[PDB]
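This is input.cif. It holds mmCIF, N, CA and C atoms.
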data_data
loop_
_atom_site.group_PDB
_atom_site.id
_atom_site.type_symbol
_atom_site.label_atom_id
_atom_site.label_comp_id
_atom_site.auth_asym_id
_atom_site.auth_seq_id
_atom_site.Cartn_x
_atom_site.Cartn_y
_atom_site.Cartn_z
ATOM 1 N N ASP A 1 47.110 -62.381 20.372
ATOM 2 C CA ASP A 1 45.726 -62.067 19.901
ATOM 3 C C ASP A 1 45.315 -63.041 18.789
ATOM 4 N N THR A 2 44.893 -64.225 19.153
ATOM 5 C CA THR A 2 44.479 -65.233 18.127
ATOM 6 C C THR A 2 43.363 -66.126 18.683
ATOM 7 N N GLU A 3 42.129 -65.713 18.534
ATOM 8 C CA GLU A 3 40.993 -66.537 19.048
ATOM 9 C C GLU A 3 40.566 -67.561 17.991
ATOM 10 N N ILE A 4 40.371 -67.115 16.778
ATOM 11 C CA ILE A 4 39.958 -68.049 15.684
ATOM 12 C C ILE A 4 41.123 -68.261 14.708
ATOM 13 N N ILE A 5 41.831 -67.209 14.370
ATOM 14 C CA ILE A 5 42.984 -67.344 13.428
ATOM 15 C C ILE A 5 44.262 -67.665 14.209
ATOM 16 N N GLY A 6 44.930 -68.734 13.855
ATOM 17 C CA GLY A 6 46.186 -69.117 14.568
ATOM 18 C C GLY A 6 47.398 -68.829 13.676
ATOM 19 N N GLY A 7 47.550 -69.565 12.602
ATOM 20 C CA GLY A 7 48.713 -69.338 11.694
ATOM 21 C C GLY A 7 48.428 -69.962 10.327
ATOM 22 N N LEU A 8 47.645 -69.300 9.512
ATOM 23 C CA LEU A 8 47.326 -69.849 8.155
ATOM 24 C C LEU A 8 48.307 -69.313 7.095
ATOM 25 N N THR A 9 49.384 -68.687 7.514
ATOM 26 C CA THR A 9 50.374 -68.150 6.530
ATOM 27 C C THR A 9 51.502 -69.169 6.324
ATOM 28 N N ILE A 10 51.181 -70.318 5.787
ATOM 29 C CA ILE A 10 52.222 -71.363 5.557
ATOM 30 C C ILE A 10 52.282 -71.724 4.061
ATOM 31 N N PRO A 11 53.400 -72.281 3.658
ATOM 32 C CA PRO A 11 53.590 -72.666 2.237
ATOM 33 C C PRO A 11 52.852 -73.978 1.921
ATOM 34 N N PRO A 12 52.721 -74.262 0.644
ATOM 35 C CA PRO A 12 52.023 -75.501 0.200
ATOM 36 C C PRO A 12 52.822 -76.754 0.590
ATOM 37 N N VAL A 13 54.127 -76.645 0.684
ATOM 38 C CA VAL A 13 54.951 -77.833 1.072
ATOM 39 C C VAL A 13 54.662 -78.223 2.532
ATOM 40 N N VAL A 14 54.447 -77.253 3.392
ATOM 41 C CA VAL A 14 54.144 -77.569 4.823
ATOM 42 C C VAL A 14 52.723 -78.139 4.930
ATOM 43 N N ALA A 15 51.764 -77.489 4.313
ATOM 44 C CA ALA A 15 50.356 -77.993 4.360
ATOM 45 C C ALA A 15 50.281 -79.401 3.751
ATOM 46 N N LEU A 16 51.049 -79.653 2.715
ATOM 47 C CA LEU A 16 51.042 -81.008 2.073
ATOM 48 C C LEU A 16 51.570 -82.063 3.058
ATOM 49 N N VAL A 17 52.605 -81.742 3.798
ATOM 50 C CA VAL A 17 53.166 -82.719 4.786
ATOM 51 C C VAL A 17 52.156 -82.966 5.922
ATOM 52 N N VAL A 18 51.347 -81.985 6.243
ATOM 53 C CA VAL A 18 50.338 -82.164 7.335
ATOM 54 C C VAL A 18 49.171 -83.031 6.833
ATOM 55 N N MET A 19 48.737 -82.818 5.612
ATOM 56 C CA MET A 19 47.605 -83.626 5.057
ATOM 57 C C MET A 19 48.004 -85.105 4.943
ATOM 58 N N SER A 20 49.177 -85.380 4.421
ATOM 59 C CA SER A 20 49.630 -86.803 4.284
ATOM 60 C C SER A 20 49.755 -87.463 5.665
ATOM 61 N N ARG A 21 50.238 -86.734 6.646
ATOM 62 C CA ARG A 21 50.377 -87.311 8.022
ATOM 63 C C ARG A 21 48.998 -87.702 8.573
ATOM 64 N N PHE A 22 48.005 -86.870 8.359
ATOM 65 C CA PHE A 22 46.629 -87.187 8.858
ATOM 66 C C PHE A 22 46.120 -88.480 8.203
ATOM 67 N N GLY A 23 46.241 -88.587 6.901
ATOM 68 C CA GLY A 23 45.772 -89.822 6.195
ATOM 69 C C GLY A 23 46.617 -91.024 6.637
ATOM 70 N N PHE A 24 47.874 -90.805 6.951
ATOM 71 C CA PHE A 24 48.752 -91.934 7.393
ATOM 72 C C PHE A 24 48.166 -92.605 8.639
ATOM 73 N N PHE A 25 47.953 -91.854 9.691
ATOM 74 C CA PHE A 25 47.377 -92.447 10.941
ATOM 75 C C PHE A 25 45.973 -93.005 10.674
ATOM 76 N N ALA A 26 45.215 -92.369 9.809
ATOM 77 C CA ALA A 26 43.839 -92.872 9.503
ATOM 78 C C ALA A 26 43.916 -94.260 8.849
ATOM 79 N N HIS A 27 44.859 -94.457 7.958
ATOM 80 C CA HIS A 27 44.998 -95.786 7.284
ATOM 81 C C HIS A 27 45.784 -96.758 8.174
ATOM 82 N N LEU A 28 46.840 -96.294 8.802
ATOM 83 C CA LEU A 28 47.650 -97.194 9.687
ATOM 84 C C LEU A 28 46.835 -97.601 10.919
ATOM 85 N N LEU A 29 46.182 -96.647 11.553
ATOM 86 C CA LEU A 29 45.356 -96.937 12.772
ATOM 87 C C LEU A 29 46.231 -97.499 13.907
ATOM 88 N N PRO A 30 45.648 -97.595 15.082
ATOM 89 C CA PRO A 30 46.388 -98.127 16.256
ATOM 90 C C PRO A 30 46.557 -99.650 16.130
ATOM 91 N N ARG A 31 47.454 -100.083 15.277
ATOM 92 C CA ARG A 31 47.677 -101.547 15.086
ATOM 93 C C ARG A 31 49.181 -101.854 15.042
#

Would you mind writing the file's structure down as structure tokens?
Amino acid sequence: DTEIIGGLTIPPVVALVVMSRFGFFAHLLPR
């Protein structure tokens, strides 16, 4: 039963690793 809410019960260390990964590909780009 998860239409809009999936899993927002995570620690700050996990969310921090996800944010840095997003910026990594944005700066590295397909090169």

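When CA of residue 4 (chain A) is paired with CA of residue 26 (chain A), their separation reads 25.9 Å.
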
### Query
For the atom pair atom C of residue 6 (chain A) and CA of residue 18 (chain A), what is the interatomic distance in Å to one decimal place?
15.1 Å

### Query
How many Å separate atom C of residue 7 (chain A) from CA of residue 19 (chain A)?
14.7 Å
